[PDB]
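Lettering follows sequence order; numbering is per chain, from 1. Just so it is clear, the values below take in all heavy atoms, side chains as well, and ignore hydrogens, waters and symmetry mates.
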Amino acid sequence: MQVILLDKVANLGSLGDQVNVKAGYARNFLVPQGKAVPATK
RNA sequence: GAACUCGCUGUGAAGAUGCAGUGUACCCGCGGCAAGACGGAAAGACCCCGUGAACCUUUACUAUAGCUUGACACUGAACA
Ligand SMILES: [K+]
Ligand SMILES: [K+]
Ligand SMILES: [Mg+2]
Ligand SMILES: [Mg+2]
Ligand SMILES: [Mg+2]
Ligand SMILES: [Mg+2]
Ligand SMILES: [Mg+2]
C-alpha cells in the first residue's frame, strides 16, 4: 500500500516521501495516528 | 358356492356325505358329546423365492458431520 508520510516515521522516511508499506501497517497504525495518509491525489 | 348333507371297501390332484360297488336307512325335534366336515379365526411367523424392505454390525464400498495438518487471508513494527 502506497502512502505519503506526514510526520517523520522511523525506518521509513520523512514528510512527503512516497513509500510502499504493508496494508496492516498503514490501516492500523500510520493512518489512525496521523503519521501517513493514503496516496490518493 | 349351492345342498334332497349315511356306513364300508375301493377309486381318485394320491386321506370321499357327493365317484364305483355294496351295506344300512320311515318323516321331524329336544338334551347331551366332540371323532370327521383336511371345522371357524389370521392371503404361514417356519422354509424357500424377489436382482423386496427395514433396522443393526464391521479392518465391505463410497461419502460425510466432527476432530486434526499446513498454505493464503483478516495480519503489523525493529535485527535475528
Ligand atoms: K356308492
Ligand atoms: K366334532
Ligand atoms: Mg377312502
Ligand atoms: Mg342336537
Ligand atoms: Mg363340549
Ligand atoms: Mg382351518
Ligand atoms: Mg401367503
Side-chain angles (χ1 to χ4, degrees):
Chain A
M1 161 162 186
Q2 292 288 349
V3 299
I4 314 159
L5 304 187
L6 301 182
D7 204 301
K8 174 180 283 181
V9 192
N11 275 292
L12 269 187
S14 59
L15 171 84
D17 196 291
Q18 304 289 355
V19 61
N20 199 62
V21 295
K22 295 196 181 75
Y25 190 23
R27 179 192 304 122
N28 298 318
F29 190 66
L30 296 172
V31 176
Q33 297 201 1
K35 286 165 157 57
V37 60
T40 56
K41 297 284 181 289

Contacts under 3.5 Å, N or O only, protein and nucleotides 71-75 of chain B:
residue : atom : partner : partner atom : Å
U75(B)  : OP2  : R27(A)  : NH1          : 2.8
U75(B)  : OP2  : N28(A)  : ND2          : 2.9

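The six-membered rings of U58(B) and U59(B) are unstacked under the 5.5 angstrom centre distance and 30 degree angle criterion. Judged by ring-centre distance under 5.5 Å and interplanar angle under 30°, strand neighbours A35(B) and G36(B) are stacked. In this strand, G29(B) stacks on its neighbour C30(B), with six-membered ring centres under 5.5 Å apart and planes inclined by less than 30°. For the adjacent pair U75(B) and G76(B), the base rings do not count as stacked by a centre distance under 5.5 Å and plane angle under 30°. Bases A54(B) and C55(B) qualify as stacked neighbours, criterion being ring centres under 5.5 Å and ring planes under 30°.
Sugar pucker of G18(B): south, since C1'-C2'-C3'-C4' comes out negative. In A14(B), the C1'-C2'-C3'-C4' torsion is negative, which places the sugar in the south family. The pentose of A54(B) belongs to the north class of puckers. Its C1'-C2'-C3'-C4' angle has a positive sign. Sugar puckers are classed by the sign of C1'-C2'-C3'-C4'; that of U68(B) comes out north, on the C3'-endo side. With a negative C1'-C2'-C3'-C4' torsion, the sugar ring of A13(B) falls in the south range.
Taking atom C1' in both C38(B) and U17(B), one finds a spacing of 15 Å when rounded to whole Å. Spacing between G18(B) and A2(B) at atom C1', rounded to whole Å, works out to 13 Å. The gap from the P atom of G40(B) to that of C28(B) amounts to 27 Å, rounded to the nearest Å. The gap from the P atom of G66(B) to that of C79(B) amounts to 43 Å, rounded to the nearest Å. The P atoms of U75(B) and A80(B) are separated by 27 Å, rounded to the nearest whole Å. The same atom, P, is picked in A14(B) and in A37(B); the two are 16 Å apart, to the nearest Å. Atom name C1', nucleotides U11(B) and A20(B): the rounded distance is 7 Å, in whole Å. Atom name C1', nucleotides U68(B) and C74(B): the rounded distance is 22 Å, in whole Å.
Taking a pair as Watson-Crick or G-U wobble with both distances under 3.5 Å, RNA chain B forms stems of 3 or more consecutive pairs at B:6-10 with B:19-23.
Of all the heavy atoms in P32(A) and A26(A), the pair that sits closest is CD-O, 3.6 Å. Listed here is the closest heavy atom pair of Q2(A) and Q18(A): OE1-C, 4.3 Å.
Using a 4.5 Å heavy-atom cutoff, the side chains of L5(A) and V19(A) are in contact.
Qualifying side chain to side chain contact (heavy atoms under 4.5 Å, CB included) partners for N28(A), counting only residues two or more places apart in sequence or in other chains: none. Under the rule for a side chain to side chain contact (heavy atoms under 4.5 Å, CB included), the partners of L30(A) that lie at least two apart in sequence or sit in another chain are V9(A), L12(A), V21(A), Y25(A), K35(A), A36(A).
Under a 4.5 Å side-chain heavy-atom criterion applied to ILVMFWY residues, the cluster that includes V37(A) comprises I4(A), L6(A) as well.
The stretch residues 5-14 of chain A touches RNA chain B through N11(A), each having a heavy atom under 4.0 angstrom from the strand.
For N20(A) (side chain) and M1(A) (main-chain N/O), a donor-acceptor pair under 3.5 Å exists by modelled atom type.
The separation between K35(A) atom NZ and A78(B) atom P is 14 Å, rounded to whole Å.
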